[PDB]
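Below is upload_16.pdb, holding PDB, C-alpha atoms and all ligand atoms.
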MODEL        1
ATOM      1  CA  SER A 444      52.054 -25.257  62.958
ATOM      2  CA  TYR A 445      54.090 -22.630  61.077
ATOM      3  CA  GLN A 446      51.064 -20.446  60.316
ATOM      4  CA  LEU A 447      50.933 -17.178  62.180
ATOM      5  CA  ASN A 448      48.546 -16.962  65.138
ATOM      6  CA  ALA A 449      46.391 -13.950  66.002
ATOM      7  CA  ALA A 450      48.995 -12.423  68.397
ATOM      8  CA  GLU A 451      51.724 -12.635  65.709
ATOM      9  CA  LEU A 452      49.430 -11.223  63.058
ATOM     10  CA  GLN A 453      48.543  -8.359  65.438
ATOM     11  CA  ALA A 454      52.253  -7.593  66.124
ATOM     12  CA  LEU A 455      52.820  -7.349  62.371
ATOM     13  CA  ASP A 456      49.810  -5.068  61.823
ATOM     14  CA  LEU A 457      51.165  -2.753  64.552
ATOM     15  CA  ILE A 458      54.523  -2.607  62.795
ATOM     16  CA  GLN A 459      52.964  -1.816  59.433
ATOM     17  CA  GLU A 460      50.915   0.936  61.088
ATOM     18  CA  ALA A 461      53.980   2.530  62.649
ATOM     19  CA  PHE A 462      55.772   2.611  59.293
ATOM     20  CA  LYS A 463      52.855   4.368  57.561
ATOM     21  CA  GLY A 464      54.422   7.552  56.357
ATOM     22  CA  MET A 465      57.795   6.025  55.417
ATOM     23  CA  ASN A 466      56.779   5.601  51.761
ATOM     24  CA  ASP A 467      54.799   8.875  51.445
ATOM     25  CA  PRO A 468      55.535  11.521  48.816
ATOM     26  CA  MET A 469      58.009  14.336  49.525
ATOM     27  CA  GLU A 470      56.707  17.897  49.781
ATOM     28  CA  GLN A 471      58.248  20.468  47.457
ATOM     29  CA  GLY A 472      61.416  21.820  49.059
ATOM     30  CA  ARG A 473      65.197  21.501  49.460
ATOM     31  CA  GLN A 474      65.147  17.732  50.011
ATOM     32  CA  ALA A 475      62.839  16.916  47.063
ATOM     33  CA  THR A 476      64.856  19.197  44.800
ATOM     34  CA  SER A 477      68.059  17.405  45.785
ATOM     35  CA  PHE A 478      66.518  13.986  45.024
ATOM     36  CA  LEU A 479      65.315  15.111  41.579
ATOM     37  CA  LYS A 480      68.618  16.771  40.651
ATOM     38  CA  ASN A 481      70.383  14.837  37.862
ATOM     39  CA  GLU A 482      73.884  15.813  39.032
ATOM     40  CA  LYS A 483      73.961  15.384  42.825
ATOM     41  CA  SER A 484      76.631  16.754  45.126
ATOM     42  CA  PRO A 485      77.501  15.436  48.613
ATOM     43  CA  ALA A 486      75.273  18.135  50.090
ATOM     44  CA  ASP A 487      72.379  16.799  47.967
ATOM     45  CA  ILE A 488      72.987  13.316  49.402
ATOM     46  CA  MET A 489      72.774  14.796  52.927
ATOM     47  CA  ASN A 490      69.522  16.544  52.006
ATOM     48  CA  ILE A 491      68.102  13.230  50.823
ATOM     49  CA  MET A 492      69.196  11.354  53.944
ATOM     50  CA  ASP A 493      67.374  14.042  56.010
ATOM     51  CA  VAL A 494      64.016  12.855  54.653
ATOM     52  CA  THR A 495      64.554   9.230  55.679
ATOM     53  CA  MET A 496      66.072  10.178  59.055
ATOM     54  CA  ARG A 497      63.077  12.341  59.950
ATOM     55  CA  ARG A 498      60.749   9.585  58.928
ATOM     56  CA  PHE A 499      62.565   7.108  61.156
ATOM     57  CA  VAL A 500      62.017   9.434  64.128
ATOM     58  CA  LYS A 501      58.321   9.637  63.297
ATOM     59  CA  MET A 502      58.001   5.892  62.902
ATOM     60  CA  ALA A 503      59.675   5.143  66.232
ATOM     61  CA  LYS A 504      57.310   7.504  68.059
ATOM     62  CA  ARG A 505      54.362   5.554  66.591
ATOM     63  CA  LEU A 506      55.573   2.238  68.101
ATOM     64  CA  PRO A 507      54.248   1.254  71.514
ATOM     65  CA  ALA A 508      57.467  -0.665  72.304
ATOM     66  CA  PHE A 509      59.454   2.550  71.794
ATOM     67  CA  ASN A 510      57.146   4.625  73.985
ATOM     68  CA  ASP A 511      57.786   2.292  76.935
ATOM     69  CA  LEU A 512      61.283   3.814  77.164
ATOM     70  CA  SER A 513      62.389   6.943  78.975
ATOM     71  CA  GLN A 514      63.067   9.996  76.835
ATOM     72  CA  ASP A 515      66.829   9.580  77.320
ATOM     73  CA  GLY A 516      66.527   5.910  76.315
ATOM     74  CA  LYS A 517      64.629   6.816  73.179
ATOM     75  CA  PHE A 518      67.306   9.354  72.265
ATOM     76  CA  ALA A 519      70.146   6.930  72.896
ATOM     77  CA  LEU A 520      68.522   4.301  70.624
ATOM     78  CA  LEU A 521      67.853   6.681  67.727
ATOM     79  CA  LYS A 522      71.308   8.157  68.020
ATOM     80  CA  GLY A 523      73.002   4.735  68.106
ATOM     81  CA  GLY A 524      70.845   3.060  65.449
ATOM     82  CA  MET A 525      70.096   5.679  62.788
ATOM     83  CA  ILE A 526      72.913   4.906  60.338
ATOM     84  CA  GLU A 527      72.218   1.156  60.523
ATOM     85  CA  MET A 528      68.503   1.785  59.917
ATOM     86  CA  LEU A 529      69.358   4.036  56.911
ATOM     87  CA  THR A 530      71.562   1.265  55.529
ATOM     88  CA  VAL A 531      68.674  -1.250  55.791
ATOM     89  CA  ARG A 532      66.448   1.254  53.958
ATOM     90  CA  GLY A 533      69.263   1.360  51.427
ATOM     91  CA  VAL A 534      69.029  -2.383  50.872
ATOM     92  CA  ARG A 535      65.228  -2.154  50.371
ATOM     93  CA  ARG A 536      65.613   0.642  47.820
ATOM     94  CA  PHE A 537      68.694  -0.513  45.861
ATOM     95  CA  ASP A 538      68.821  -2.078  42.389
ATOM     96  CA  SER A 539      72.025  -3.876  41.457
ATOM     97  CA  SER A 540      71.356  -3.776  37.675
ATOM     98  CA  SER A 541      70.839   0.004  37.537
ATOM     99  CA  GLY A 542      73.310   0.528  40.377
ATOM    100  CA  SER A 543      71.055   2.994  42.125
ATOM    101  CA  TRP A 544      68.575   3.753  44.843
ATOM    102  CA  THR A 545      64.989   4.881  44.127
ATOM    103  CA  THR A 546      62.075   6.073  46.294
ATOM    104  CA  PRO A 547      58.629   4.303  46.204
ATOM    105  CA  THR A 548      56.481   7.275  45.238
ATOM    106  CA  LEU A 549      58.603   8.400  42.257
ATOM    107  CA  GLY A 550      59.391   6.692  38.998
ATOM    108  CA  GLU A 551      62.649   4.834  38.612
ATOM    109  CA  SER A 552      63.833   7.816  36.556
ATOM    110  CA  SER A 553      64.678   9.763  39.712
ATOM    111  CA  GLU A 554      67.458   8.015  41.592
ATOM    112  CA  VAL A 555      70.671   8.220  43.534
ATOM    113  CA  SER A 556      73.635   6.425  41.880
ATOM    114  CA  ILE A 557      75.911   4.057  43.864
ATOM    115  CA  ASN A 558      78.644   6.260  42.345
ATOM    116  CA  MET A 559      77.644   9.040  44.728
ATOM    117  CA  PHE A 560      80.231   7.377  46.962
ATOM    118  CA  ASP A 561      82.976   8.524  44.578
ATOM    119  CA  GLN A 562      82.472  12.224  45.560
ATOM    120  CA  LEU A 563      82.759  11.625  49.338
ATOM    121  CA  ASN A 564      85.784  11.547  51.700
ATOM    122  CA  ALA A 565      88.599   9.989  49.609
ATOM    123  CA  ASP A 566      90.133   8.340  52.671
ATOM    124  CA  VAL A 567      87.144   6.041  53.223
ATOM    125  CA  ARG A 568      84.701   6.307  50.343
ATOM    126  CA  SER A 569      85.889   3.329  48.284
ATOM    127  CA  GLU A 570      85.817   1.041  51.309
ATOM    128  CA  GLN A 571      82.309   2.170  52.285
ATOM    129  CA  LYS A 572      81.038   1.665  48.736
ATOM    130  CA  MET A 573      82.434  -1.875  48.847
ATOM    131  CA  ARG A 574      80.908  -2.547  52.260
ATOM    132  CA  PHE A 575      77.439  -1.456  51.130
ATOM    133  CA  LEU A 576      77.543  -3.638  47.991
ATOM    134  CA  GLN A 577      78.838  -6.587  50.041
ATOM    135  CA  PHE A 578      76.014  -6.178  52.556
ATOM    136  CA  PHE A 579      73.374  -5.804  49.807
ATOM    137  CA  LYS A 580      74.605  -8.975  48.152
ATOM    138  CA  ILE A 581      73.922 -11.245  51.138
ATOM    139  CA  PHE A 582      70.132 -10.802  50.799
ATOM    140  CA  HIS A 583      67.832 -13.041  48.792
ATOM    141  CA  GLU A 584      65.932 -10.998  46.157
ATOM    142  CA  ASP A 585      62.523 -11.688  47.685
ATOM    143  CA  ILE A 586      63.683 -11.009  51.229
ATOM    144  CA  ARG A 587      65.237  -7.562  50.585
ATOM    145  CA  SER A 588      62.077  -6.502  48.748
ATOM    146  CA  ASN A 589      59.740  -7.603  51.548
ATOM    147  CA  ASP A 590      58.623  -4.531  53.499
ATOM    148  CA  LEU A 591      57.740  -6.503  56.653
ATOM    149  CA  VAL A 592      61.113  -8.204  56.791
ATOM    150  CA  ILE A 593      62.923  -4.934  56.229
ATOM    151  CA  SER A 594      60.757  -3.222  58.876
ATOM    152  CA  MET A 595      61.527  -5.946  61.391
ATOM    153  CA  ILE A 596      65.266  -5.787  60.681
ATOM    154  CA  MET A 597      65.093  -2.042  61.248
ATOM    155  CA  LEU A 598      63.352  -2.593  64.607
ATOM    156  CA  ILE A 599      65.863  -5.276  65.720
ATOM    157  CA  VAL A 600      68.614  -2.765  64.867
ATOM    158  CA  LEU A 601      66.863   0.007  66.767
ATOM    159  CA  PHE A 602      66.225  -2.099  69.864
ATOM    160  CA  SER A 603      69.825  -3.128  70.345
ATOM    161  CA  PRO A 604      71.684  -2.741  73.648
ATOM    162  CA  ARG A 605      73.836   0.372  74.015
ATOM    163  CA  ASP A 606      76.384   0.993  76.782
ATOM    164  CA  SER A 607      75.122   4.628  76.694
ATOM    165  CA  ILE A 608      71.900   3.417  78.352
ATOM    166  CA  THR A 609      72.270   3.034  82.115
ATOM    167  CA  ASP A 610      68.656   2.969  83.283
ATOM    168  CA  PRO A 611      67.820  -0.606  84.431
ATOM    169  CA  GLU A 612      64.249  -0.488  83.145
ATOM    170  CA  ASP A 613      65.217   0.870  79.708
ATOM    171  CA  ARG A 614      67.895  -1.843  79.416
ATOM    172  CA  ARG A 615      65.327  -4.530  80.257
ATOM    173  CA  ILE A 616      62.811  -3.209  77.712
ATOM    174  CA  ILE A 617      65.463  -2.981  74.980
ATOM    175  CA  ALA A 618      66.704  -6.517  75.496
ATOM    176  CA  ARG A 619      63.154  -7.844  75.604
ATOM    177  CA  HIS A 620      62.141  -6.205  72.327
ATOM    178  CA  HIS A 621      65.392  -7.186  70.591
ATOM    179  CA  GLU A 622      64.429 -10.813  71.228
ATOM    180  CA  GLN A 623      60.728 -10.230  70.484
ATOM    181  CA  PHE A 624      61.243  -8.733  67.059
ATOM    182  CA  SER A 625      63.949 -11.333  66.252
ATOM    183  CA  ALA A 626      61.503 -14.131  67.144
ATOM    184  CA  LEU A 627      58.695 -12.488  65.182
ATOM    185  CA  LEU A 628      60.853 -12.188  62.084
ATOM    186  CA  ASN A 629      61.698 -15.875  62.329
ATOM    187  CA  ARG A 630      58.015 -16.792  62.738
ATOM    188  CA  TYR A 631      57.011 -14.603  59.843
ATOM    189  CA  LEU A 632      59.628 -16.234  57.590
ATOM    190  CA  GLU A 633      58.526 -19.711  58.745
ATOM    191  CA  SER A 634      54.925 -18.830  57.889
ATOM    192  CA  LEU A 635      55.984 -18.055  54.317
ATOM    193  CA  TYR A 636      58.734 -20.606  53.630
ATOM    194  CA  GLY A 637      58.405 -23.312  56.309
ATOM    195  CA  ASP A 638      61.618 -25.247  56.950
ATOM    196  CA  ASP A 639      63.447 -23.245  54.276
ATOM    197  CA  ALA A 640      63.211 -20.256  56.696
ATOM    198  CA  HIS A 641      65.766 -21.859  59.049
ATOM    199  CA  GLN A 642      68.616 -20.878  56.706
ATOM    200  CA  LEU A 643      67.451 -17.231  56.600
ATOM    201  CA  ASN A 644      67.120 -17.119  60.392
ATOM    202  CA  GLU A 645      70.707 -18.298  60.722
ATOM    203  CA  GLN A 646      71.831 -15.327  58.619
ATOM    204  CA  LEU A 647      70.246 -12.687  60.899
ATOM    205  CA  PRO A 648      73.360 -12.446  63.144
ATOM    206  CA  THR A 649      75.542 -12.002  60.029
ATOM    207  CA  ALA A 650      73.381  -9.137  58.862
ATOM    208  CA  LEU A 651      73.482  -7.422  62.251
ATOM    209  CA  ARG A 652      77.269  -7.649  62.594
ATOM    210  CA  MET A 653      77.791  -6.334  59.022
ATOM    211  CA  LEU A 654      75.425  -3.441  59.776
ATOM    212  CA  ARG A 655      77.343  -2.574  62.879
ATOM    213  CA  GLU A 656      80.585  -2.580  60.886
ATOM    214  CA  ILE A 657      79.072  -0.208  58.330
ATOM    215  CA  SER A 658      77.860   2.170  61.029
ATOM    216  CA  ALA A 659      81.210   2.064  62.804
ATOM    217  CA  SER A 660      83.113   2.989  59.639
ATOM    218  CA  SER A 661      80.801   5.591  58.054
ATOM    219  CA  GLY A 662      81.120   8.554  60.432
ATOM    220  CA  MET A 663      83.776  10.475  58.445
ATOM    221  CA  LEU A 664      82.356   9.809  54.989
ATOM    222  CA  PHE A 665      81.232  13.409  54.417
ATOM    223  CA  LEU A 666      84.253  15.088  56.049
ATOM    224  CA  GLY A 667      85.393  18.019  53.908
ATOM    225  CA  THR A 668      82.845  17.426  51.134
ATOM    226  CA  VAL A 669      79.978  19.783  52.036
ATOM    227  CA  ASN A 670      79.179  23.448  52.566
ATOM    228  CA  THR A 671      77.029  23.502  55.722
ATOM    229  CA  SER A 672      74.851  26.255  54.238
ATOM    230  CA  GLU A 673      73.829  23.780  51.482
ATOM    231  CA  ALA A 674      73.134  20.713  53.687
ATOM    232  CA  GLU A 675      70.325  19.883  56.125
ATOM    233  CA  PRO A 676      71.376  20.031  59.792
ATOM    234  CA  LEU A 677      69.983  16.664  60.971
ATOM    235  CA  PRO A 678      72.279  14.474  58.854
ATOM    236  CA  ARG A 679      75.203  16.651  59.926
ATOM    237  CA  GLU A 680      74.631  15.456  63.521
ATOM    238  CA  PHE A 681      75.481  11.928  62.343
ATOM    239  CA  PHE A 682      78.099  12.735  59.680
ATOM    240  CA  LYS A 683      80.725  15.287  60.698
ATOM    241  CA  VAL A 684      81.463  17.610  57.749
ATOM    242  CA  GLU A 685      84.045  19.810  59.493
TER
ATOM    243  CA  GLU B 741      74.947  17.485  71.123
ATOM    244  CA  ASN B 742      72.411  16.246  68.553
ATOM    245  CA  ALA B 743      70.008  19.022  69.540
ATOM    246  CA  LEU B 744      67.859  18.655  66.451
ATOM    247  CA  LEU B 745      67.431  14.900  66.850
ATOM    248  CA  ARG B 746      66.386  15.440  70.435
ATOM    249  CA  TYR B 747      63.979  18.200  69.394
ATOM    250  CA  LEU B 748      62.358  16.021  66.773
ATOM    251  CA  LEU B 749      62.092  13.092  69.150
ATOM    252  CA  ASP B 750      60.443  15.220  71.838
ATOM    253  CA  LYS B 751      58.000  17.222  69.633
ATOM    254  CA  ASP B 752      54.279  16.620  68.948
ATOM    255  CA  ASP B 753      54.032  15.378  65.360
TER
HETATM  256  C1  LIG C 801      67.617   5.102  50.903
HETATM  257  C2  LIG C 801      68.184   6.379  50.259
HETATM  258  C3  LIG C 801      67.417   6.718  48.969
HETATM  259  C4  LIG C 801      65.902   6.918  49.169
HETATM  260  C5  LIG C 801      65.602   8.172  49.982
HETATM  261  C6  LIG C 801      64.107   8.423  50.075
HETATM  262  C7  LIG C 801      63.876   9.728  50.842
HETATM  263  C8  LIG C 801      63.357   7.295  50.770
HETATM  264  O1  LIG C 801      63.694   6.904  51.950
HETATM  265  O2  LIG C 801      62.405   6.723  50.180
HETATM  266  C9  LIG C 801      69.699   6.297  50.015
HETATM  267  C10 LIG C 801      70.285   7.613  49.458
HETATM  268  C11 LIG C 801      71.706   7.798  49.973
HETATM  269  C12 LIG C 801      72.009   6.457  50.629
HETATM  270  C13 LIG C 801      73.154   6.361  51.629
HETATM  271  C14 LIG C 801      74.007   7.374  51.908
HETATM  272  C15 LIG C 801      75.200   7.169  52.802
HETATM  273  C16 LIG C 801      75.630   5.707  52.961
HETATM  274  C17 LIG C 801      76.862   5.536  53.853
HETATM  275  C18 LIG C 801      77.246   4.072  53.994
HETATM  276  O3  LIG C 801      78.404   3.721  53.886
HETATM  277  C19 LIG C 801      76.125   3.128  54.320
HETATM  278  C20 LIG C 801      74.962   3.346  53.358
HETATM  279  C21 LIG C 801      74.439   4.815  53.320
HETATM  280  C22 LIG C 801      73.904   5.255  54.679
HETATM  281  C23 LIG C 801      73.355   4.934  52.223
HETATM  282  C24 LIG C 801      71.979   4.316  52.568
HETATM  283  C25 LIG C 801      70.855   4.515  51.541
HETATM  284  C26 LIG C 801      70.669   5.987  51.177
HETATM  285  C27 LIG C 801      70.266   6.753  52.450
ENDMDL
END
Once you've parsed the file, please lay out its structure as structure tokens.
Amino acid sequence: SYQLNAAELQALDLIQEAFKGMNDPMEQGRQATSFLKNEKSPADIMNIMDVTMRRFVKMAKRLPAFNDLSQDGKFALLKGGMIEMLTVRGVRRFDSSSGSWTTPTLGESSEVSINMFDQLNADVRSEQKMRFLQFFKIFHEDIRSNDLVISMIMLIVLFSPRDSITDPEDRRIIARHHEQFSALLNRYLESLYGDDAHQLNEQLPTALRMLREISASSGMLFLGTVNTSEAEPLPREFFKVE
Amino acid sequence: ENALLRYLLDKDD
């Protein structure tokens, strides 16, 4: 009844396959050095975000649903959804007790403090710090730590309609997958928790609207805080520094 | 114009 069928189990396996690489170790370099640095600057935070952003691009290209889109459609989705996806990764990797984010391949010793916010754009940093903690707090402990749930939330975020997308076929594909991954997440949660999953399903829209709010208010967070020669270019396409 | 994002999206990984 609530147990997953073969088609649902297959959909989940495909998702897990696409995300292979997300939790891999970092090669020696600028980004890894920034993550291991005890005293991190805003540029170091940008260097760290670069790793996750690149990995999101790689994941998306491994998903058959994504490759049904035109190249412009793909671009529009990644551009529109990246900050929300990063925020969801943030929820997966955050610890309220230590007040910090960690990465799966490295001990909990290496981390990024929630207080990194305090070095960013003074006009908006305190509000963004509050928004992230507020968003984190809505999640049940065992839901935020579930890689499949997090992966599905990321995919629902990615496959969200954008007014930037005009192509009729792309728009159809995006809407279809938004509903597909939403339905799959609900079925997955029902398979684990039965009727208790109904309450979690009802919270999905709350999560999505809060994510959108975070994305819509984060764009100037790094303004005036970074020397471009010290920060990876990819995150600077999403967060204006000058 | 998000040139690097586009480049990464369109490359052969
Ligand atoms: C998930 C990540 C730490 C782990 C990185 C590592 C490479 C990995 O993905 O395993 C943290 C570090 C900095 C965090 C943010 C910076 C800007 C802020 C700006 C906001 O207001 C939303 C949250 C956001 C994007 C968080 C998300 C989680 C991040 C990327």
**Report entry** Best match for closeness to ligand LIG 801 (chain C) among A:604, A:468, A:637, A:507, counting all atoms listed in the file
**Finding:** A:468
When the PyMOL selection byres (((not hetatm)) within 9 of (chain C and resi 801)) is applied to the file above, which residues end up in the set, as a short mmCIF file (atom, residue, chain, number, x, y, z; two decimals) with C-alpha atoms, in the frame of the given file?
data_model
loop_
_atom_site.label_atom_id
_atom_site.label_comp_id
_atom_site.auth_asym_id
_atom_site.auth_seq_id
_atom_site.Cartn_x
_atom_site.Cartn_y
_atom_site.Cartn_z
CA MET A 465 57.80 6.02 55.42
CA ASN A 466 56.78 5.60 51.76
CA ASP A 467 54.80 8.88 51.44
CA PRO A 468 55.54 11.52 48.82
CA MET A 469 58.01 14.34 49.52
CA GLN A 474 65.15 17.73 50.01
CA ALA A 475 62.84 16.92 47.06
CA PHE A 478 66.52 13.99 45.02
CA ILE A 488 72.99 13.32 49.40
CA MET A 489 72.77 14.80 52.93
CA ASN A 490 69.52 16.54 52.01
CA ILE A 491 68.10 13.23 50.82
CA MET A 492 69.20 11.35 53.94
CA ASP A 493 67.37 14.04 56.01
CA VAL A 494 64.02 12.86 54.65
CA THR A 495 64.55 9.23 55.68
CA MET A 496 66.07 10.18 59.06
CA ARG A 498 60.75 9.59 58.93
CA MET A 525 70.10 5.68 62.79
CA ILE A 526 72.91 4.91 60.34
CA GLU A 527 72.22 1.16 60.52
CA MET A 528 68.50 1.78 59.92
CA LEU A 529 69.36 4.04 56.91
CA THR A 530 71.56 1.26 55.53
CA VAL A 531 68.67 -1.25 55.79
CA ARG A 532 66.45 1.25 53.96
CA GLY A 533 69.26 1.36 51.43
CA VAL A 534 69.03 -2.38 50.87
CA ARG A 535 65.23 -2.15 50.37
CA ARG A 536 65.61 0.64 47.82
CA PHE A 537 68.69 -0.51 45.86
CA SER A 543 71.06 2.99 42.12
CA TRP A 544 68.58 3.75 44.84
CA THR A 545 64.99 4.88 44.13
CA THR A 546 62.08 6.07 46.29
CA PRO A 547 58.63 4.30 46.20
CA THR A 548 56.48 7.28 45.24
CA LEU A 549 58.60 8.40 42.26
CA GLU A 554 67.46 8.02 41.59
CA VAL A 555 70.67 8.22 43.53
CA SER A 556 73.64 6.42 41.88
CA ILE A 557 75.91 4.06 43.86
CA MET A 559 77.64 9.04 44.73
CA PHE A 560 80.23 7.38 46.96
CA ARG A 568 84.70 6.31 50.34
CA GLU A 570 85.82 1.04 51.31
CA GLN A 571 82.31 2.17 52.28
CA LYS A 572 81.04 1.66 48.74
CA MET A 573 82.43 -1.88 48.85
CA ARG A 574 80.91 -2.55 52.26
CA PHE A 575 77.44 -1.46 51.13
CA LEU A 654 75.42 -3.44 59.78
CA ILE A 657 79.07 -0.21 58.33
CA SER A 658 77.86 2.17 61.03
CA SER A 660 83.11 2.99 59.64
CA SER A 661 80.80 5.59 58.05
CA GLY A 662 81.12 8.55 60.43
CA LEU A 664 82.36 9.81 54.99
CA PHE A 665 81.23 13.41 54.42
#
Ground truth for the PyMOL selection byres (((chain A and resi 684) around 8) and not hetatm), written as an mmCIF file with C-alpha atoms, in the coordinates of the input:
data_model
loop_
_atom_site.group_PDB
_atom_site.id
_atom_site.type_symbol
_atom_site.label_atom_id
_atom_site.label_comp_id
_atom_site.auth_asym_id
_atom_site.auth_seq_id
_atom_site.Cartn_x
_atom_site.Cartn_y
_atom_site.Cartn_z
ATOM 1 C CA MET A 663 83.776 10.475 58.445
ATOM 2 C CA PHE A 665 81.232 13.409 54.417
ATOM 3 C CA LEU A 666 84.253 15.088 56.049
ATOM 4 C CA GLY A 667 85.393 18.019 53.908
ATOM 5 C CA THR A 668 82.845 17.426 51.134
ATOM 6 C CA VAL A 669 79.978 19.783 52.036
ATOM 7 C CA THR A 671 77.029 23.502 55.722
ATOM 8 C CA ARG A 679 75.203 16.651 59.926
ATOM 9 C CA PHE A 682 78.099 12.735 59.680
ATOM 10 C CA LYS A 683 80.725 15.287 60.698
ATOM 11 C CA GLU A 685 84.045 19.810 59.493
#
Requested in this report: Work out how far CA of residue 461 in chain A is from CA of residue 506 in chain A, in Å to one decimal.
Outcome: 5.7 Å
Report task. Name the residues in contact with residue 750 in chain B at a cut-off of 10 Å, using all atoms listed in the file, excluding same-chain residues fewer than 6 positions from it; report them as a PyMOL selection string. Result -> (chain A and resi 500+504+514+517-518) or (chain B and resi 744)
Query raised in the report: Would you list which chain B residues are within 7 Å of chain A using all atoms listed in the file, as a PyMOL selection string?
Result: chain B and resi 742+744-746+749
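Take CA of residue 479 in chain A and CA of residue 464 in chain A: the distance between them is 19.9 Å.
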Query raised in the report: Which value, in Å to one decimal, gives the distance between CA of residue 608 in chain A and CA of residue 646 in chain A?
Result: 27.2 Å
Query raised in the report: What lies within 10 Å of residue 650 in chain A using only C-alpha atoms, ignoring chain neighbours under 3 positions off, as a VMD selection string?
Result: chain A and resid 531 578 to 579 581 to 582 596 600 645 to 647 653 to 656
